[PDB]
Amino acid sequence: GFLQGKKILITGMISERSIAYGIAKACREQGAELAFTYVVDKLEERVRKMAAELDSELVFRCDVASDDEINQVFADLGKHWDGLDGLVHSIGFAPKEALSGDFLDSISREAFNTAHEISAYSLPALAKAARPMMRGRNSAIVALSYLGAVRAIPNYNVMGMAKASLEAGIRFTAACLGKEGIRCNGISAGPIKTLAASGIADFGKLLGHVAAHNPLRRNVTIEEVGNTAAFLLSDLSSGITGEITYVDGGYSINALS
């Protein structure tokens, strides 16, 4: 496969419905060796199990709210790996109450700060902590974004501001690290029913809307997202950096439907 020899760290894999699971599966299918992070101690067993099915025993606790925890991942991983070829950012969070209802009524300073720190700052923070292991390796970062970065969407509210910050982060990270042989790209995925859809009322209606309106007349899968991530983590994509690739079956490019 086209990721033979690559060693890739994957964040955000919490269940088999996670986008990060689709990414991990697609990467392992292409020959990569994987390592994983998980946010709280409570999740360790589930993540070790999924990791084991993908032939990995390399699992590390990481709350991206914590500079120390982020740094410790790379310290620990560096004892097993000579370097890091791929880094997958698949972390997005805002307080649930900020993701329902009128944008201004639902926003607060605290929710804004949390959403941006966890969903956007985490990309430069991870890239910076990974830099010693990634520099000079012709390596690559992939982060997951969503249409709310560039379009107003009902209920997505402050997460759209956070995604816009993330996508600018992708550009600035790519501009910073390209000379030393690290690429940084985004995927803007169409909606997928993961654990992110939990408590998001009418997610089903969103899915039906996208499948009724997009060129492919269907919703995307975690496999389709994951195969695109695999490509972006591979040397096949060596001419691409700072890019946001839409894996939404063409949804964003249609109007007047």
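One-based numbering along the sequence shown.
182 to 190 and 78 to 86 differ in mean CA B-factor, and the higher of the two is recorded for 78 to 86. Note on 64 to 72 vs 221 to 229: mean CA B-factor is higher in 64 to 72.
Ranked against the other modelled residues of its chain, the C-alpha B-factor of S100 as given in the entry falls in the highest third. In this PDB entry, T11 carries a Cα temperature factor that places it within the middle third of its chain's modelled residues.
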